[PDB]
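This report concerns only the one structure given below.
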There are 2 protein chains.
Amino acid sequence: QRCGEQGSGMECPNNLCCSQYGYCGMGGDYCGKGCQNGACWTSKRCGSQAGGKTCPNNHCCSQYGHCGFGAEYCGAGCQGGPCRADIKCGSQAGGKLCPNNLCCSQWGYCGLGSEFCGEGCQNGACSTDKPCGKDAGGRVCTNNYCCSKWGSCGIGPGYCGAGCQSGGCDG
Amino acid sequence: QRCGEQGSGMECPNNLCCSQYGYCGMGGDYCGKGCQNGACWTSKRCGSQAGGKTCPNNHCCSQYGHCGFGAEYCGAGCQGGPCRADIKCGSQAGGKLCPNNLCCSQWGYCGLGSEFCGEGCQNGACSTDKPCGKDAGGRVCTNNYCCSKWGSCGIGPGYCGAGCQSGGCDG
Ligand SMILES: CC(=O)N[C@@H]1[C@@H](O)[C@H](O[C@@H]2O[C@H](CO)[C@@H](O)[C@H](O)[C@H]2NC(C)=O)[C@@H](CO)O[C@H]1O
Ligand SMILES: CC(=O)N[C@@H]1[C@@H](O)[C@H](O[C@@H]2O[C@H](CO)[C@@H](O)[C@H](O)[C@H]2NC(C)=O)[C@@H](CO)O[C@H]1O
């Protein structure tokens with residue numbers, strides 16, 4: 001229910017602004033001074049100009065590094081987010097990973113959904129669920145995901161904690 | 001710090017999935033069945049195929065009524081989300097509002113950022129707080145937002161509750 005620093009990076013639906021006090025709504029109250037994410041009145045900084053401050057809410061990052069949507073944003077120079085250009089990745093990149101847990105298709109391109117996350121997926125939120133660990137040649141996960149005690153990649157206590165074989169374990 | 005139903009329609013950062021228990025992670029335990037938003041293994045339907053629904057986390061809704069990212073979702077047919085084609089709106093498009101609280105620029109195109117939200121903005125999260133209520137001719141906000149006591153539009157208990165001049169006022 002809470003957002004931003006107060007809600008654990010949590011985001012408001014439909015681009016509602018996360019006021020400085022971790023709540024959701026529209027208006028100067030939530031969108032003005034303070035705003036942590038959502039349709040903030042002052043567009044955030046990102047990537048090049050911000051060292052990789054990727055845009056939250058799956059917003060596009062412009063060539064100047066401000067978060068938003070629109071041709072100006074998602075169009076050319078788009079440094080991140082749902083850009084209109086095709087974002088490559090994978091073996092064909094020298095092994096490169098998609099941003100914001102995006103799946104890298106067999107074809108070497110970022111996206112979300114069956115075609116991207118399904119069979120052949122190279123990194124990101126791949127739904128193939130390939131097992132890792134001791135019982136799998138010692139396969140490690142991509143994106144530094146936690147290889148759970150049951151040889152499964154994920155992120156969370158169930159994965160990163162008790163018996164986390166590899167990745168971002170909590171021990 | 002709860003998502004989905006367990007957290008007031010909240011979404012997780014970086015495309016992490018919201019399990020059936022209201023928590024954020026990556027893995028069949030967050031992304032598998034139960035997943036409420038985020039990079040769900042079984043994409044959420046949307047658009048005409050799904051009664052006009054919008055995609056969580058600002059995902060494109062492909063022409064087939066499935067949410068995701070990449071050419072197939074954001075390219076052609078894209079019935080919603082950060083569509084690759086400039087979304088049209090306003091006095092130009094028959095008063096058509098931008099979906100997911102996007103700002104309809106004066107040039108009739110949905111986006112987020114100074115260019116769309118700033119001066120001219122026709123609807124959505126416009127950073128211009130044009131006065132509403134008796135405070136200024138009895139003006140009414142766009143998107144069914146609540147005009148508060150002060151004569152300023154927005155969403156929250158502070159705009160929709162006590163002294164809300166018009167809009168989706170609570171009371
Ligand atoms: C110093 C300056 O204003 N440089 C301009 C860029 O910042 C500007 O990008 C836009 O900057 C605005 C801040 O003044 C942002 O609100 C806005 O979101 C951002 N727009 C984009 C698409 O990144 C560019 C382009 O208008 O011009 C420079 O001169
Ligand atoms: C009516 C129908 O079945 N049309 C087919 C589409 O469903 C199908 O699109 C893909 O469907 C998959 C599940 O059946 C989804 O995983 C996938 O996201 C979806 N693709 C898009 C872009 O939404 C396509 C094949 O991709 O064929 C149609 O005939």
Side-chain angles (χ1 to χ4, degrees), chain A residues 15 39 43-50 52-90 92-93 96-105 107-117 124-125, chain B residues 14-15 39 43 46-47 54-89 92-93 96 98-105 107-117 124-125:
Chain A
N15 301 287
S43 286
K44 321 138 217 53
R45 307 289 302 176
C46 39
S48 191
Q49 295 81 25
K53 298 257 283 198
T54 255
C55 297
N57 297 76
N58 280 332
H59 290 356
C60 284
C61 181
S62 75
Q63 59 193 135
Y64 303 112
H66 277 278
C67 304
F69 280 135
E72 285 87 330
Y73 294 90
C74 291
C78 182
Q79 320 197 64
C83 301
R84 296 181 193 198
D86 288 278
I87 312 308
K88 45 282 297 170
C89 55
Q92 320 89 320
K96 223 42 197 173
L97 58 185
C98 286
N100 238 25
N101 299 303
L102 257 196
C103 292
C104 186
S105 61
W107 313 135
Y109 280 127
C110 297
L112 245 5
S114 45
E115 293 92 347
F116 305 86
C117 300
Chain B
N14 307 149
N15 288 292
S43 298
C46 55
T54 36
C55 289
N57 327 57
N58 285 316
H59 281 168
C60 291
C61 173
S62 70
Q63 61 192 114
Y64 299 108
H66 289 106
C67 307
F69 271 164
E72 2 285 335
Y73 296 90
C74 301
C78 187
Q79 25 168 5
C83 287
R84 250 127 122 130
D86 345 296
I87 303 87
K88 295 182 192 50
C89 56
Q92 300 88 330
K96 181 271 185 188
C98 294
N100 279 23
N101 306 297
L102 271 260
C103 297
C104 185
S105 66
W107 317 126
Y109 296 86
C110 302
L112 277 188
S114 69
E115 298 87 352
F116 312 82
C117 301

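Residue numbering restarts at 1 for every chain, and letters A, B, ... go by the order of the sequence lines. Excluded from the calculations below are hydrogen atoms, water molecules and symmetry mates; all remaining heavy atoms, backbone and side chain alike, are included.
No side-chain donor-acceptor contact under 3.5 Å links A:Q79 to the backbone of A:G47. Between the side chain of B:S43 and the backbone N or O of B:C67, at least one donor-acceptor pair lies under 3.5 Å. With hydrogens and angles disregarded, no donor-acceptor distance shorter than 3.5 Å links the side chain of A:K96 to the backbone of A:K88.
Identified under the salt bridge (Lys or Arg N to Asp or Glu O under 4.0 Å) test for residues 61-84 of chain B, with sequence neighbours left out: A:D86-B:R84. Within the structure, ring pair (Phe, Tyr, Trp, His ring centres under 6.0 Å) contacts touching residues 57-90 of chain A (residues at least two apart or in different chains) are A:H59-A:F69, A:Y73-B:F116.
In this structure, B:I87 and B:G81 approach most closely via the heavy-atom pair CD1-O, 4.5 Å. The two residues B:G80 and B:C78 have their closest heavy-atom pair at O-SG, 3.0 Å. Taking all atoms of both residues into account, the shortest heavy-atom contact from A:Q63 to A:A76 is OE1-O, 3.7 Å.
Between atom SG of residue A:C103 and atom CG of residue A:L97 there is a gap of 12.0 Å, rounded to the nearest 0.5 Å. Rounding to the nearest 0.5 angstrom, the gap separating the SG atom in A:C55 from the CG atom in B:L112 is 10.5 Å.
By the SG-distance test at 2.5 Å, no disulfide connects B:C98 to B:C89. With 2.5 angstrom as the limit on SG-SG distance, B:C83 and B:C74 do not come in below it. A:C61 has its SG atom within less than 2.5 Å of the SG atom of A:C46.
A donor-acceptor pair shorter than 3.5 Å cannot be found between the side chains of A:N15 and B:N101. Judged purely by distance below 3.5 Å, without hydrogens or angles, the side chains of B:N57 and A:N57 never pair a donor atom with an acceptor atom.
A:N100 is listed as a side-chain neighbour of A:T54, based on a closest heavy-atom distance under 4.5 Å.
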